[PDB]
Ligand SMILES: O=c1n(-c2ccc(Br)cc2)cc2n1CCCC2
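Quick setup: one chain, the form solved without the ligand, written in structure tokens, and binding and motion questions come after.
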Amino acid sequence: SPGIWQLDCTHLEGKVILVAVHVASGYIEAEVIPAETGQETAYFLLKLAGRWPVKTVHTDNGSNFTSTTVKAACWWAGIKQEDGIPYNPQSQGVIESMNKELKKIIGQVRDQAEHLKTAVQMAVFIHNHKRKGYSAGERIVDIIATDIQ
């Protein structure tokens, strides 16, 4: 499970926030895109996999699962592309809670930037650094390092 990630798409201000969540740690990366296309999703996964050791991605919906551009990115980056069916129903609730948390943080910073993308990156920073006591950023590094060793 050190290599498992989950995609998540949420909406704000008539734009799309694409999120990848490292399941085991709750660490996230995110970007603002005008719309959630296969090409946007593919590029996002390519970035993610160059930065972290991404073994498996649970796609956020059936369109991204189906997308041959997304499949091409997963092939390129050596990622196992999987569906995102919540066989464990707790997954649904976790993601919904996360989207609510992120939107709350974006609200708290929204006046510190003109553009939504800046606010989203501020929210990523706050989420990943928040101690709950370790932070998600500490947890992901410890989980992966333990795996390497």
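Between two forms, the rigid core is defined as the largest C-alpha subset superposing within 1.5 Å. The first residue of the sequence shown is number 1, and the count goes up from there.
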Quick note, superposing on core in 4 other deposited structures of this protein and taking C-alpha RMS, the more shifted stretch of 90-98 and 51-59 is 90-98
Stretch exceeding the other in mean C-alpha B-factor - 16-24, 133-141: 133-141
Selected stretch [higher average CA B-factor]: 114-122 or 95-103: 95-103
From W52, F44, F65, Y87, pick the one with the largest CA B-factor in the entry? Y87
Highest-ranked of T56, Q108, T69, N61 once sorted by CA temperature factor in the record: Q108
According to the PDB entry, is the CA B factor of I33 in the bottom, middle or top third of its chain, that is, lowest, middle or highest? middle
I4 by Cα B-factor - lowest, middle or highest third of the modelled chain: middle
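Beyond the structure shown, there is the form deposited with the ligand bound, which is absent from this document and is the topic of what follows.
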Using heavy atoms and a 4.5 Å limit, would one call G26 a contact residue for the ligand in the deposited bound form? yes
Given that the partner is absent here, does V57 sit within 4.5 Å of the ligand in the deposited bound form, heavy atoms only? no
Residues of stretch 68-101 in contact with the ligand in the deposited bound form (4.5 Å, non-hydrogen atom): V94, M98, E101
